[PDB]
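Virtual Cβ from ideal backbone geometry, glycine too; neighbours counted across all protein chains shown. What follows draws every value from the coordinates through simple rules; no lab data is involved.
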Amino acid sequence: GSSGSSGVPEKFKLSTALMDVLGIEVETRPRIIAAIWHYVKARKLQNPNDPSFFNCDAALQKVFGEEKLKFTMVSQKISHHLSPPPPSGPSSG
């Protein structure tokens, strides 16, 4: 066992651009992916041709850089942006 969901959940610090996309600071893995799912649709970014893909608004680019992306790929895209937030207390390992 190395990675999973033991005890408290997992939160990742949003990027400057990613933060300007949704407007958060410390969220989870899904909350974000979803936050993008909603936002996208919210901004009528959703793509008709492909229900899996979605158009970019302008802030989604700086994040990915592609005109459009998949609703699932975001996971394997936002991750890179995802970072470890500031923990509370001493640490070693």
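Tell me, what HN-Hα J-couplings in whole Hz come from the Karplus equation 6.51 cos²θ - 1.76 cosθ + 1.60 at θ = phi - 60° for each residue of the range 72-81, using x for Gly and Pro?
Couplings: 9, 4, 2, 4, 8, 9, 5, 2, 2, 6 Hz.
With Cβ to Cβ distances under 15 Å as the rule, what net charge do the other residues near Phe53 carry (K, R +1; D, E -1)? Can you show the working numbers first?
Details: positive: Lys41, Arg43, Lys44, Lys68, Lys70, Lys77; negative: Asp50, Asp57, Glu66, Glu67.
Local net charge: +2.
Under the rule of at least 5 residues apart or a separate chain, name every residue whose amide H is placed under 5 Å from the amide H of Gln46.
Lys41, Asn55
Filter the trypsin sites (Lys or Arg not before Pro) in the chain to those in DSSP coil with at most 10 other Cβ atoms within 10 Å of their Cβ, and list the result. Mind dumping the intermediate values first?
Values: sites: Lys11, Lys13, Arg31, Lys41, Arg43, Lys44, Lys62, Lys68, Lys70, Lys77; in loops: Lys11, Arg43, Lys44.
Sparse-neighbourhood loop trypsin sites (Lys or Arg not before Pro): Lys44.
Return one number: the angle in degrees, 0 to 90 and rounded to the nearest 10, between the long axis of the Cα atoms of helix 30-42 and the longest principal axis of the Cα atoms of the chain.
Helix 30-42 sits at roughly 20 degrees to that axis.
Going Cα to Cα from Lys68, which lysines come in below 20 Å? Please leave out same-chain ones fewer than 8 positions away.
Qualifying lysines at Cα under 20 Å: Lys41, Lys44, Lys77.
Hey, got the dipole for the chain? About the Cα centre, +1 on K and R Cβ, -1 on D and E Cβ, debye to the nearest 20? Mind dumping the intermediate values first?
Values: 11 positive and 8 negative charges, 25 e Å.
Taking the Cα centre of the chain as origin, the dipole is about 120 debye.
Out of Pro48, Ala35, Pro85, whose Cα points farthest toward the positive end of the dipole of the chain (charges: +1 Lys, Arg; -1 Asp, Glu; placed on Cβ)?
Of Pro48, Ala35, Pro85, it is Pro48.
Starting from the amide H of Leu69, placed 1.01 Å from N in the peptide plane, find each other amide H under 5 Å away whose residue is 5 or more places distant or on another chain.
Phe54
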